[PDB]
Every structure is written in C-alpha cells, then in structure tokens.
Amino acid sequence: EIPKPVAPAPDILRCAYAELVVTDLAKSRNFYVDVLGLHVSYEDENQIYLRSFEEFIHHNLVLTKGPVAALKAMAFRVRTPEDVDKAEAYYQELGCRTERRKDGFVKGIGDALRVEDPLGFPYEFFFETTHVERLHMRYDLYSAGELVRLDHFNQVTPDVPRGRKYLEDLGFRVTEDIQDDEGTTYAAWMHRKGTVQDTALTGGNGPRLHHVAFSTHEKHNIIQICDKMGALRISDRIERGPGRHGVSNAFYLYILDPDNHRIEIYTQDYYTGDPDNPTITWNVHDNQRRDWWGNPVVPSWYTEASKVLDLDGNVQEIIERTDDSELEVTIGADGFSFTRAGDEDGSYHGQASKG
C-alpha cells in the first residue's frame, strides 16, 4: 500500500498534455496533422507541438523524436505556481524520484516538476504555460473529424486497487470501475476536471500507457475519422470501434499511430464535479460494460500498450499482473460474458460476442 503523505496534495486542474517519443517524426506528423487535423503550435527537426481546436495552453501533445517509441511524460496542470512546490514536497515524501526545472522540459511550459511516480509513470505537474491563439471559433480551419480537446490518459498497471488509493490521496475521484464477485478489480476511472476521467487504470502488465484520448464535438466527427481512414486505405489502423462505451457512456474509437501508440477519440460523457457523484461499478462479465452494444473487444486492446520512460529516458521495467486477466475471464478459452445477468440466452462461453 502507498502511504498517504502528511504533506498536502497539489491542486490538480486536469490532464494537459502528453509527450510521446516517436521514431519517424515525418510519419508521425502525417498521422497527427494530415490524417487527424491537430494544430501545430511549434515544430522543428526534433519535435512537433500540437494542440486541439479549443485549447489555449501551448500544446496538448508533444511528439519528440527518439530511438524507442514510448511515453516520456503525462502532464497535469495545477491551479497555482505554489502547487508545483506542493507536488514536489508530496512526491519527495512518497520517496519518489523528482526533477524540477524552472524553465520547463518542453517549449511552452515554464516551471515544471517531473516525477517517477509510485506506479512507475512519468508524471509532470506545471502551472506556467505560454498562451496561444484559442482556435475554438476558427471554423475556417475546422475539419469534419476535428479533435476539440484533450480528454484523458489511460495507464496499464498490474495492481489496480494499489494505484487507485494513491490517486485518490492525490485528489482524483473514482467515477466508474470494473470488478468481479471474487474481490478483483480490473479497471478504474478517476477525475479532477468534472468529466468521467483525467486518467484511468487498466489492469495489466505495467507500467505501460494504454492510450491518450481526444474529444470531438459530435458523434459524426468520430464517424468521419473512420471514413477518412477507409479513404486513405489505412483502415487496418482502426483497432476497435466506433462504439458506445458502457463505462463513461461516451461514443468512442481507438486507432493506432505509426509507432502503435493508441489514440482514443471520445465524446459526450457526463458531469462528475459534485463530490458525492455516484460511483458506478460494472461486473467484468457484463458484455455491455466496454461496448454498450455488445461488440467484442479485440484481444490486442487488452494485450498491447506503449512503453513508458523514467526521468533518464530509459524504458521502465514491466511488472507482471498476477490478478486475473480481463481478457482471459471474458474472451479466453475459459471466459464468460452475459448480455442479461442470469440469462443463458445472449451469453458467451469461451469466446467473444457476435460469432
């Protein structure tokens, strides 16, 4: 168990940006700018800084050329400059490795703290950031598939309860989770900004980054991303969806970038900002929990995820999950799922839904 520090937690506003290491900056640019339409805040020969349509902070995504594709930092903005001090004291008490840079790690961010957190993830906390033109009314630029906000991160970690307690102490509130009747937790979702999630934990071998998620305005915008990928004859990079989630209630899609970093497109979850927001727990065998329409979850969604780096830029060692596997208990040879609890009709034994 990760202890609760005496030191006060920093006041975290929201997920703000991810730094992803990519192997071929031009191929990555083509995906994120030409295919997906993200907006360039800054670029050079080593990095591309990208933002969503409604963003005013400098960026939501930094693509950094490197030898090994991986998550380098998942950054959360805090409420005040003093909250970066609070973050530093909090993680030091946790016994975590930290590094503070008054002029930032990436362009457009000022005083920033990176940490190797108790789950092995590279978290950044910052307040100071360079404001840019907020493009929210630039309908002359708006794409039929426009990505309008950064919504969340999702982390693969082997022990979900352990991670959950730590994030709650940090001020994240759990909104939804997946458990079974034998005391196992498979996943949890947790927030600061008053949507379903700013980050989320998926049970599995980790630390690995499961995905970064961007929002659209409407469901047809997600449909258009699929249609465009069909026209570009890259439909093989559509991993899963489009669908309606059970957990979160959002319309969604998962696609794969050139380094197999997974990107979710997401819209129309609900408000969670009240402190007694009702927590929703799904059973792992409920075939409407991940896709509300019962569409099967492809095995790659459970097994594949991105490496993460430590503060020296080296890949974190992966620790094996020993708790039961969501893949195995739902779609593996001895798995089970149901449509209606207690009804044999519409249940699946040893296979995925829909044939």
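A residue's number is simply how far along the shown sequence it sits, counting from 1.
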85-93 versus 138-146 - greater average Cα B-factor per the deposited record: 85-93
Mean Cα B-factor check, 179-187 vs 161-169, entry values; winner is 161-169
Among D291, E55, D44, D323, which residue carries the highest C-alpha B-factor recorded in the PDB entry? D44
Out of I331, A16, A341, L25, whose C-alpha atom has the biggest B factor in the entry? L25
Which third of the chain does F121 land in by C-alpha B-factor: lowest, middle or highest? middle
Classify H220 as lowest, middle or highest third according to the C-alpha B-factor given in the PDB entry, relative to its own chain. lowest
How does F76 rank on Cα B-factor within its chain, lowest, middle or highest third? middle
Based on the deposited C-alpha B factors for this chain, I'd like to know if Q316 is in the lowest, middle or highest third. highest
For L113, return the chain-relative third of its C-alpha B-factor as stated in the PDB record: lowest, middle or highest. highest
